[PDB]
Amino acid sequence: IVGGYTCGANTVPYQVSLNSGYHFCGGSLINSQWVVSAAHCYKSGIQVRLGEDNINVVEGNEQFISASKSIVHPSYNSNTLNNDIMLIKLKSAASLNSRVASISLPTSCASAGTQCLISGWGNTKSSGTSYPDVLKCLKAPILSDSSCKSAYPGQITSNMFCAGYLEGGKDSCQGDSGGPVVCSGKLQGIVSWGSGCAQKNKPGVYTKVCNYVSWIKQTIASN
Ligand SMILES: COc1cccc(CN)c1
Ligand SMILES: [Ca+2]
């Protein structure tokens, strides 16, 4: 997260870190046994880390649970990043509490201008590289479909939305991938793509979760 703030430990209880020997992506806990992430975050050997603030230190609220299965969306296209969503099932159910908690799926899609919270452990520089140990947060509005399409001609599908600031300076970044965009207590987005971080006229692009609720529910009910 570029241009954000330190969230504060365990203030984003659905936020998870996906670890394959190191943090590589974020995710969102949506029930005791399942995580939503980006399809581009797919790899084998994933351990889900919940209850994290400083990802380099054991601080006492963590649960580390290996994934038993990953399910990438059937329609994910890695080139276009259309349908950039994946589910990850935990080997064991997480113990839910104030600091480890699920986030509700959307019942409605959020509109442009809605204010959301985007979070992650990704790079904090628009030009350099600095990775924070503690969770970073950004408050950002959903952008209009027209402005998003104008920003990225030819690339925005009905399964994507833009959020952020056309002026630059505040954005998601590498390693934030897969993480949450939450608006009014519901997971409306997944950190997906962009062109660099925090550049003018290149806001972040997010998977449009409301489009996937039926798939998510059905998949969970049978797996
Ligand atoms: C270029 O790498 C990125 C990864 C996640 C999100 C974004 C959006 N600025 C960019
Ligand atoms: Ca930790």
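For ligands, and for the atoms within them, numbers begin at 1 and follow the listed sequence. Residue indices begin at 1 and follow the sequence shown. Worth knowing before you read on, the calculation uses all heavy atoms, side chains too, and leaves out hydrogens, waters and symmetry mates.
Ligand 1 places these atoms under 4.0 Å from at least one heavy atom of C197: 9 (N). Near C173, meaning under 4.0 Å from any of its heavy atoms, are these atoms of ligand 1: 4 (C), 5 (C). With ligand atoms numbered from 1 in the order given, ligand 1 contributes 7 (C), 8 (C) to contacts under 4.0 Å with heavy atoms of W193. Those atoms of ligand 1 that come under 4.0 Å of a heavy atom in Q174, given as number and element, are 3 (C), 4 (C). The contact set between ligand 1 and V191, taken as ligand atoms under 4.0 Å from a residue heavy atom, comprises 5 (C), 6 (C).
The closest side-chain donor-acceptor pair between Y22 and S20 falls under 3.5 angstrom. With 3.5 Å as the limit, one finds a donor-acceptor pair spanning the side chains of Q15 and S119.
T6 places no side-chain N or O within donor-acceptor distance of the main-chain N or O of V134, the cut-off being under 3.5 Å. The backbone N or O of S192 lies less than 3.5 Å from a partner atom in the side chain of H40, making a donor-acceptor pair. Distance alone, capped at 3.5 Å, places no donor-acceptor pair between the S222 side chain and the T219 backbone.
Centred on the Ca ion (ligand 2), the O atom of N54 and the O atom of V57 lie at an angle of 80°, reported to 10°.
For atom 6 (C) of ligand 1, the closest non-hydrogen atom on the protein side is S172 OG, 3.4 Å.
Once rounded to the nearest 0.5 Å, the distance linking CD of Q174 with CG of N123 reads 7.0 Å.
Contact annotation: for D176 versus ligand 1, there are no heavy atoms closer than 4.0 Å.
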Tell me, with the steps shown, if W193 and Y152 meet ring-ring contact (aromatic ring centres under 6.0 Å, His included).
-> CA-CA 11 Å; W193 66 275; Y152 299 98; 4.9 Å; yes
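Among the candidates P180, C210, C116, the single residue satisfying the side-chain contact (heavy atoms from CB on, under 4.5 Å) test with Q188 is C210.
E62 has its closest N, O or S atom to the Ca ion (ligand 2) at the position named OE2. The Ca ion (ligand 2) lies closest to atom OE1 when only the N/O/S atoms of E52 are considered.
Inclusion of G196 in the set of residues having an N or O under 3.5 Å from an N or O of ligand 1 is warranted.
Among the backbone and side-chain atoms of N56, none of the N, O or S atoms lies under 3.0 Å from the Ca ion (ligand 2).
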